[PDB]
Amino acid sequence: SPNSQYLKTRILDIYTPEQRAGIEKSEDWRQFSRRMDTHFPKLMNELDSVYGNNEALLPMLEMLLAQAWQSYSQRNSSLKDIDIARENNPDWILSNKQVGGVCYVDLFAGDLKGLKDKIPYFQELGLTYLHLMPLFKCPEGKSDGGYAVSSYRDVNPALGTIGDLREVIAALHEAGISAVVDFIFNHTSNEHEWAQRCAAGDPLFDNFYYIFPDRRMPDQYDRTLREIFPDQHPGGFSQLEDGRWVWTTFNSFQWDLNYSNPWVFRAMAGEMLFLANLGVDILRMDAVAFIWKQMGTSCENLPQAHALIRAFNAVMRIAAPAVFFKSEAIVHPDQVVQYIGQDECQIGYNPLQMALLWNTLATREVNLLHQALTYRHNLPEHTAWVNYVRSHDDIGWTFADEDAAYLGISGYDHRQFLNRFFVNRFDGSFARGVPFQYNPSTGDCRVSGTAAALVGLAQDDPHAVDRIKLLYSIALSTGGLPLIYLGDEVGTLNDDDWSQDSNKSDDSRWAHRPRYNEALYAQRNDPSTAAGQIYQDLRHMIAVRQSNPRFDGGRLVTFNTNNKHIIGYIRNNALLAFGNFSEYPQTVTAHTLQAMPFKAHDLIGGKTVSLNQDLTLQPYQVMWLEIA
Ligand SMILES: OC[C@H]1O[C@H](O[C@H]2[C@H](O)[C@@H](O)[C@@H](O[C@H]3[C@H](O)[C@@H](O)[C@@H](O[C@H]4[C@H](O)[C@@H](O)[C@@H](O)O[C@@H]4CO)O[C@@H]3CO)O[C@@H]2CO)[C@H](O)[C@@H](O)[C@@H]1O
Ligand SMILES: OC[C@H]1O[C@@](CO)(O[C@H]2O[C@H](CO)[C@@H](O)[C@H](O)[C@H]2O)[C@@H](O)[C@@H]1O
């Protein structure tokens, strides 16, 4: 394979003799050259592992690297400073100081300019990380909430212009907040120019997607394909006007990109560089599990999918060091963690913890949660979990059947219980969620609904507020970067019109995608309201997390509480956390605490607690005891 020095010389051949001389002496080239030598080996290796001796590999690479240089040269000086800072501080993502939030620009603040006006509030809340949902042009009507991209560069006019976005990013950086956007690279909308030209037979866009003449291949593939939206279509394919079939893992209007074609990688790498130069700090790698297909397999988590992502990682290491990745892999735990690594995705959603928080609220038993915190929490160096309570999506019960089997729990039977409980089809359930994608052929089902809707706030369950606080307390202190679903900090309930909207009625996820609730936000300072109680609660926990070094890092050690309703863990051997998932008082005996100091200050309630005697926690109470 060619080497870094070889490719760099060729990159400089576009400059006349006089220019070439100057370029080689410039700071930009110096840094670019150094990073090329350091990271090119990985890029080449990962790409080769996927394409092999593909004739297009070499040509695609030189073209991509030429862009990488141009992209780095044009990169703004301020961004280059962030590039240097993060190069030498790979663990910035692990700082206890980081706290993120996520919202739809349109639902939360109208448009881009409006979002800019909400920045003061984000600072007031303590955010240092902000994820904005899909901002670029997409089909009018149904676009899977913007996840069906028709243009990676043209901002949805309803939100503003590319200029407004560029402005928002700079304002976020000014307020000490990182910009986080989606990198929907597994597929585009069926209205995207690429799709159009590919299907129309433009030789330039040949093999940019997976299109079949009939059901021969589709049927073979469907034998092992999981259905994500069985409500929309069976298997993973959709039929075109002309009768052909296109691979559509998600909605029919979302066509999977064909990474078996190296020119497809180059295309998306180009888009990443575009997003990088806008000043994006973290790219949410959407559906990383499906970017590689292979007949007979599930076409999820394949080796080449990981390799491609590590290739993308390399491009950023060379042309935009500040850009980190956030893996969205809502799959089996064993698979989830494989996307997380310094050379792949530095951080990734922690669906296991999230799903188990809700599970524990239902069963009142921390068994599965404790198991996960004990065996699946700690990660490799320079990587972190993104811990969350809810997201724009439904809740999938992605705990491991094998893990559950160890505890004498039948995964299938357990999920059936969980699903019933959270959609209020179980006696006594406090949850008011809505079903999502009930698959009659598999028994699988997911749950939609806001955090407040699932804890019982819609009916004013007296335990609703403390439940919210408890869940967020755990995502905030286990170790990793905590993500707040904006709207949750004031107990925002479900949207009560989505079912009436013909563009949303067939997607219950819109039930937990409500608009900014002016009334609730106007009560965040009133301790007598649910909004105020939830707000000050979370704000206080955020404040503590960010100021107390004992929460730093992502490592944790579980503590056996000897009480099936109480979870316990220790951060940095100095912070002991207890969490009662019972609606009744529960005790951690003096005998269980013998190894703990006689007294410890609780950062949650502010009181001094004695650990030389039984410790009784009130319903849903959380304690952050300083033991060192
Ligand atoms: O305080 C609330 C209620 O708490 C108590 O009930 C709890 C149980 O203690 C929990 O263990 C849990 O029970 C679930 C169970 O987790 C779930 O797997 C399912 O059990 C199935 C099982 O999967 C299947 O293999 C087969 O064995 O049938 C089982 C049927 O139970 O469903 C259980 C619930 O039925 O959650 C409940 C409810 O929170 C306490 O007993 C209640 O009195 C109390 O109200
Ligand atoms: O349940 C309300 C509403 O949700 C939708 C949209 O997602 O469908 C969900 O609920 C159905 C019944 O529980 C499930 O069969 C389906 O799989 C699930 O997505 C609407 O169709 C329904 O009216």
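Whatever order the structure lists ligands and atoms in, that order sets their numbers, starting from 1. The figures here come from the full heavy-atom set of this structure, side chains too, leaving out hydrogens, waters and symmetry mates. The first residue in the sequence is number 1, and the count goes up from there.
- Between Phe250 and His187, the ring planes lie tilted relative to each other; the angle falls in the 30° to 60° range.
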Worked verdict on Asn517 versus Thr492 for side chain to side chain donor-acceptor pair (under 3.5 Å): CA-CA 7 Å; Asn517 192 138; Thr492 294; 5.6 Å; no
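- Using a 4.0 Å threshold on non-hydrogen atoms, atom 18 (C) of ligand 2 counts as touching the protein.
- Using cut-offs of 30° and 60° on the angle between ring planes, the pair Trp247 and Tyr221 is tilted.
- Summary of contacts: the protein heavy atom closest to atom 45 (O) of ligand 1 is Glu583 OE2, 5.0 Å.
- Ring-plane geometry between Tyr152 and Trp194 is classed as tilted, the angle between the planes lying from 30 to 60 degrees on a 0 to 90 degree scale.
- Note: no N/O pair closer than 3.5 Å links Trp498 and ligand 2 by distance alone.
- Regarding atom 5 (C) of ligand 2, its nearest protein heavy-atom neighbour is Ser505 O, 4.0 Å.
- Checked by distance only, ligand 1 and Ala362 come closer than 3.5 Å through their nitrogen or oxygen atoms.
- For a threshold of 3.5 Å applied to N or O pairs, the pair formed by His414 and ligand 1 contains at least one separation below that value.
- The aromatic rings of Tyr209 and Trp255 stand perpendicular to each other, their planes meeting at an angle above 60°, with 30° marking the opposite boundary.
- Scanning the protein for heavy atoms near atom 7 (C) of ligand 1, the closest one is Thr363 O, 4.0 Å.
- When heavy-atom distances to ligand 2 are checked against a 4.0 Å cut-off, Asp231 comes that close only through its side chain, counted from C-beta outward.
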